[PDB]
S.K.: 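Please read through the structure below; I'll follow up with questions.
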Amino acid sequence: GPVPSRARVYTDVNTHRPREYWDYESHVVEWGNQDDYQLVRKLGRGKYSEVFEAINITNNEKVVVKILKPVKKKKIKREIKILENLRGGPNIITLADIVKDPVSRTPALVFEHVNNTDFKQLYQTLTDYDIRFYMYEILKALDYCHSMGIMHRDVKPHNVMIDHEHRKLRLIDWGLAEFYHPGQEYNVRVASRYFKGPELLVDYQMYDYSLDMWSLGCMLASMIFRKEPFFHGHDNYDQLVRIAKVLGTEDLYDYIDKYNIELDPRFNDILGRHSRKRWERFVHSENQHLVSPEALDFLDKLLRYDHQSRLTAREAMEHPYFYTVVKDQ
Ligand SMILES: O=S(=O)(c1ccc2nc(Cl)sc2c1)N1CCC2(CC1)CC(NCc1ccc(-c3ccccc3)c(Cl)c1)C2
């Protein structure tokens, strides 16, 4: 069978807490009054929810409402619990209330309101310094949630929100997040394809917070190289080929060895044989101003098949890539 794995950091953090903290199945939900909020306009449709801008008529404060589509109550209790646990944390979205339509029986999450600067405007103006800063800001949120025994499992640009006018960032969409418990086997059918770690793709279920660090590298790549998505797999199998065509098949077979992982008979056809490529080959004139020795060192140390050899969030925050941003503090 597969070799076990535990987290190198924040391993026993949920164990040292009361059971209620992570036994979300037991959480009873504090309902608010739906008539305190009126919906203004729709902001987005999104697989598990629809998102609206609303006003709280109690204090005339602008708000965000995610009306949920039908999920199991235990997954809602999960998200609510994780949000409540992380509330007040750096760059974590703030849950403000929870309400149910007394007729449709549909439940709705009410959030603080953050203006998103227009994608086009932001993307075209970004700058290396800006990327550094906002990555630092994402790392802050991740080290916080990891320290609080929680893995997001859906880190990607969709779930990051930036108000550039106020240099303000939030990490959202906590509905796939789970509590890390050593020895636990998780579902590998999580996150979107382009951001899935190797461990999900080879079906190693004793994963941990380091899953987030892979995605974060997947994010950094697309930004510095200006290629979204960076690993563009046609299906879950081809996603690992895309990764192997860059990272090389050798470190991959070394990883499945160390963890005595059994590859579906399929991959053993498509994976083939692939040298580990150098980053220079994704550099061109239009991205060079984002790419730097510091950045490629940072990226290399996140994009590793072996989850145990990835940088932790706190080590990442200590990386030379962010030396300038930390001095502003
Ligand atoms: O209208 S929504 O559905 C909405 C509105 C309010 C709301 N409030 C709660 Cl509560 S949930 C909710 C949902 N919608 C807004 C727009 C998004 C999707 C959701 C977030 C945007 N993020 C793109 C992005 C992320 C990171 C970077 C980046 C920049 C520099 C270094 C690294 C990364 C860049 Cl360049 C771009 C796309």
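Counting begins at 1 with the first residue of the sequence. The figures that follow rest on heavy atoms only: side chains count, while hydrogens, waters and symmetry mates do not.
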S.K.: Please check this pair: side chain of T249 against backbone of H274, looking for a donor-acceptor N/O pair closer than 3.5 Å.
M.R.: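 Between the backbone of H274 and the side chain of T249 there is a qualifying donor-acceptor contact (under 3.5 Å).
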S.K.: Parallel, tilted or perpendicular: which describes the rings of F267 and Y237, with under 30° parallel and over 60° perpendicular?
M.R.: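 Aromatic pair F267/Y237 classed tilted.
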S.K.: Heavy-atom distance under 4.5 Å between the side chains of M223 and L290, does that happen here?
M.R.: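 Heavy-atom side-chain distance check fails, nothing below 4.5 Å.
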S.K.: Can you confirm whether the side chains of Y136 and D328 place a donor and an acceptor under 3.5 Å from each other?
M.R.: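 No pair is found: no donor N or O on one side chain lies under 3.5 Å from an acceptor on the other.
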S.K.: For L176, is there any backbone N or O sitting under 3.5 Å from a side-chain donor or acceptor partner on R153?
M.R.: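 Yes.
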S.K.: Could you pull out the closest heavy-atom pair between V160 and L171, with the gap in Å?
M.R.: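 Minimum heavy-atom separation between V160 and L171: CG2-CD1, 4.5 Å.
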S.K.: To the closest 0.5 Å, what do you measure between CD (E112) and CD1 (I93)?
M.R.: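 Going from the CD atom of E112 to the CD1 atom of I93 covers 4.0 Å.
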S.K.: To the nearest 0.5 Å, what is the distance between CG on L299 and CZ on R304?
M.R.: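 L299 atom CG to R304 atom CZ measures 10.0 Å (nearest 0.5 Å).
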S.K.: Is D130 salt-bridged to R167, going by a charged N under 4.0 Å from an acidic O?
M.R.: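 Counted as a salt bridge, because a side-chain N and a carboxylate O are separated by less than 4.0 Å.
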S.K.: Without swapping roles, check the side chain of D154 against the backbone of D173 for a donor-acceptor pair under 3.5 Å.
M.R.: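 Such a contact is absent between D154 side chain and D173 backbone.
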S.K.: Apply side-chain contact (heavy atoms from CB on, under 4.5 Å) to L303 and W279, showing your working.
M.R.: CA-CA 12 Å; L303 290 189; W279 297 109; 3.7 Å; yes
S.K.: At what distance, to the nearest 0.5 angstrom, does CG of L200 lie from CG of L211?
M.R.: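 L200 CG to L211 CG: 5.0 Å, rounded to 0.5 Å.
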S.K.: Check whether any side-chain heavy atom of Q34 sits under 4.5 Å from a side-chain heavy atom of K100, and report yes or no.
M.R.: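 Result no, sub-4.5 Å side-chain heavy-atom pair not found.
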S.K.: Flag the pair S5 / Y204 as yes when at least one side-chain heavy-atom distance between them is below 4.5 Å, and no otherwise.
M.R.: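 Of all side-chain heavy-atom pairs linking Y204 with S5, at least one is under 4.5 Å.
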S.K.: Decide whether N159 and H152 meet the rule of one side-chain donor and one side-chain acceptor closer than 3.5 Å.
M.R.: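 No, no side-chain donor-acceptor contact under 3.5 Å.
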S.K.: Using a strict 4.0 Å threshold on nitrogen-to-oxygen distance, state whether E315 and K301 make a salt bridge.
M.R.: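 Salt bridge between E315 and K301, a charged N being under 4.0 Å from a carboxylate O: no.
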S.K.: Quick one: do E84 and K81 make a salt bridge, cutoff under 4.0 Å?
M.R.: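 Salt bridge between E84 and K81, a charged N being under 4.0 Å from a carboxylate O: no.
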S.K.: Can you tell me how far the CG atom of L240 sits from the CG atom of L201, to the nearest 0.5 Å?
M.R.: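 Between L240 CG and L201 CG, I get 5.5 Å after rounding to 0.5 Å.
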S.K.: Please give me the minimum heavy-atom distance between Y37 and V63, naming the atom from each residue.
M.R.: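 It is CD2-CG1, 4.0 Å.
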S.K.: For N187, is there any backbone N or O sitting under 3.5 Å from a side-chain donor or acceptor partner on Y207?
M.R.: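 Judged by distance alone, yes, a pair lies under 3.5 Å.
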S.K.: Donor-acceptor check, side chain of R310 to backbone of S210, threshold 3.5 angstrom: yes or no?
M.R.: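 Between the backbone of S210 and the side chain of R310 there is a qualifying donor-acceptor contact (under 3.5 Å).
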S.K.: Does the side chain of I67 reach to within under 4.5 Å of the side chain of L39, using non-hydrogen atoms?
M.R.: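 In short, these two side chains touch, coming nearer than 4.5 Å.
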S.K.: Could you check if a side-chain atom of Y305 sits within less than 4.5 angstrom of a side-chain atom of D254, using non-hydrogen atoms only?
M.R.: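 The answer is no, as the side chains (C-beta and beyond) never meet within the 4.5 Å cut-off.
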S.K.: Relative to the ring of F230, is the ring of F282 parallel (under 30°), tilted (30 to 60°) or perpendicular (over 60°)?
M.R.: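 The arrangement is perpendicular - the two ring planes meet at more than 60°.
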S.K.: Are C218 and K156 close enough that some pair of their side-chain heavy atoms sits under 4.5 Å apart?
M.R.: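 With C-beta onward as the side chain, the pair stays apart.
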S.K.: To the nearest 0.5 Å, what is the distance between OG1 (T11) and NE2 (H16)?
M.R.: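 Rounded to the nearest 0.5 Å, the OG1-NE2 separation comes to 9.0 Å.
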S.K.: Classify the side-chain pair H234/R242 by whether it contains a donor and acceptor separated by less than 3.5 Å.
M.R.: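 The criterion, which ignores hydrogens and geometry beyond distance, is satisfied for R242 and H234.
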S.K.: Are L169 and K140 packed together at the side-chain level, in the sense that at least one heavy-atom pair is separated by less than 4.5 angstrom?
M.R.: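 No, every pair of side-chain atoms sits at 4.5 Å or beyond.
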S.K.: Determine, step by step, whether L86 and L95 satisfy the side-chain contact (heavy atoms from CB on, under 4.5 Å) criterion, reporting the C-alpha distance in whole Å, the side-chain angles of both residues, the deciding distance to 0.1 Å, and the verdict.
M.R.: CA-CA 9 Å; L86 299 185; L95 185 68; over 6 Å; no
S.K.: Can you list the steps and then say if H319 with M135 is a side-chain contact (heavy atoms from CB on, under 4.5 Å)?
M.R.: CA-CA 12 Å; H319 194 285; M135 286 285 298; over 6 Å; no
S.K.: Any donor and acceptor pair, going by atom type alone, linking the side chain of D101 with main-chain N or O of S104 inside 3.5 Å?
M.R.: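 Yes; at least one donor-acceptor contact below 3.5 Å.
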S.K.: Do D297 and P320 have side chains that approach each other closer than 4.5 Å (heavy atoms only, starting at C-beta)?
M.R.: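 Of all side-chain heavy-atom pairs linking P320 with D297, none is under 4.5 Å.
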S.K.: Taking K258 for its side chain and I256 for its backbone only, find out whether a donor-acceptor pair lies under 3.5 Å.
M.R.: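 Absent.
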S.K.: Identify the two heavy atoms, one from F52 and one from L43, that lie closest to each other, and give their separation to 0.1 Å.
M.R.: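 Of all heavy-atom pairs spanning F52 and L43, the closest is C-CD1, 3.7 Å.
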S.K.: Taking all non-hydrogen atoms of both residues, which atom of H164 and which atom of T117 are closest, and how far apart?
M.R.: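 Minimum heavy-atom separation between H164 and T117: N-CG2, 3.4 Å.
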S.K.: Examine distances only and state if a side-chain atom of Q239 and a backbone atom of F231 form a donor-acceptor pair shorter than 3.5 Å.
M.R.: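 Yes, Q239 side chain to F231 backbone: donor-acceptor pair under 3.5 Å.
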S.K.: Kindly give the heavy-atom pair with the smallest separation between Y255 and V202, and that separation in Å.
M.R.: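 What the structure gives for the nearest pair is CE2-CG2, 4.2 Å.
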S.K.: Check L263 against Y253 and note the closest heavy-atom contact, atom names and distance.
M.R.: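 Residues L263 and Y253, closest heavy atoms: CD2-CE2, 4.3 Å.
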S.K.: Taking atom types as modelled, is there a side-chain donor on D143 or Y209 under 3.5 Å from an acceptor on the other?
M.R.: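 No - no donor-acceptor pair under 3.5 Å links their side chains.
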S.K.: Please step through side-chain contact (heavy atoms from CB on, under 4.5 Å) for the pair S215 and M213, ending with a clear verdict.
M.R.: CA-CA 5 Å; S215 312; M213 298 310 297; over 6 Å; no
S.K.: Look up atom NE2 in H166 and atom CG in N115, then write down how far apart they are to the nearest 0.5 Å.
M.R.: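 One gets 7.5 Å once the value is rounded to the nearest 0.5 Å.
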S.K.: Check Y21, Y10, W22, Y180 against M148 for a side-chain contact (heavy atoms from CB on, under 4.5 Å) and give me the one that passes.
M.R.: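 Exactly one pass, corresponding to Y21.
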S.K.: Verify, without hydrogens or angle tests, whether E185 (side chain) and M206 (backbone) share a donor-acceptor contact under 3.5 angstrom.
M.R.: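 Flag not set: sc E185 to bb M206 has no pair under 3.5 Å.
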S.K.: Sub-3.5 Å donor-acceptor pair from the side chain of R78 to the main-chain atoms of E178, do we have one?
M.R.: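 No: the side chain of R78 does not pair with the backbone of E178.
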S.K.: Verify whether one side chain among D306 and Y259 offers a donor that lies under 3.5 Å from an acceptor in the other.
M.R.: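 Per modelled atom types, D306 and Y259 side chains form a pair under 3.5 Å.
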S.K.: Do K42 and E50 sit within salt-bridge range, that is, some charged N less than 4.0 Å from a carboxylate O?
M.R.: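 Answer for the salt bridge query: yes.
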